[PDB]
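Listed next as structure tokens: two forms of one protein chain, kept apart as structure 1 and structure 2.
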Structure 1
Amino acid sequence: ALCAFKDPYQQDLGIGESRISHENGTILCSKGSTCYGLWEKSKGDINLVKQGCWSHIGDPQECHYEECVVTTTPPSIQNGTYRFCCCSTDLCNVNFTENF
């Protein structure tokens, strides 16, 4: 999938650089690779932390949510500040939807 991309530490070594548009904020993951997004929230300031490629076909924990949904499961159920989701379709990780 094509995924939303954010990683402030990527530019140093250039990991995945040929697949990233820094201008448009995307990363082309392989076909069969899913996306993730991670946000942190406080009062109620929602900050985007990272976005990018998550799991690939055959990996131990495949993601089969089409949309980026946050459930009452870790990390949120341990610390209410994180919002993590993974999702399988193109650009699905642009934003998150709480499903509590």
Structure 2
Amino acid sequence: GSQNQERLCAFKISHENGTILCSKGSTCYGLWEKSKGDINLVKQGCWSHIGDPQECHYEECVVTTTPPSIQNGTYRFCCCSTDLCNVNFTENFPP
């Protein structure tokens, strides 16, 4: 919960049955790669609260930063602060 700063997140402390516990206020994250209709899940798991990255405060997994130019701008990273929020991702790019 929020009091003990624990959170359940999807996974591609044990990683049993596609989920993982993220303690110490850690958040869920997911990394995809997308090019037109092709979408592939790369990694899922915990994201440390240390450094308090901005977009990990969203309750949904939204990609709000323009993707890096590497691999033709195909990577899609998002982090979020509700349980199992990294199951899928929504896009909201500046471009």
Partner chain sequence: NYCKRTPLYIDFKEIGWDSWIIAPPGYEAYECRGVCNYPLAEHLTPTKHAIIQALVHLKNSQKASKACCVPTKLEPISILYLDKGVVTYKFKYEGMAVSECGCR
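Between two forms, the rigid core is the largest collection of C-alphas that superpose within 1.5 Å. Start at 1 and count along the sequence of structure 1; that gives the residue numbers used here.
key: Matching structure (the form deposited without its partner chain), either 1 or 2   = Structure 1 is the one deposited without its partner chain.
With the two forms aligned on the rigid core, which of the residues 46, 49, 69, 57 moves its CA by 2 Å or more between the two structures? The answer here is 57.
- prompt: Do you see a C-alpha shift of 2 Å or more at residue 78 between the two structures, with the core held fixed?
  reply: Yes, the C-alpha moves 2 Å or more.
Exercise. Where the rigid core has been superposed, how far does the Cα of residue 87 end up moving between the two structures, given in Å?
Worked result: Looking at the C-alpha of residue 87 between the two structures, the offset is 0.2 Å.
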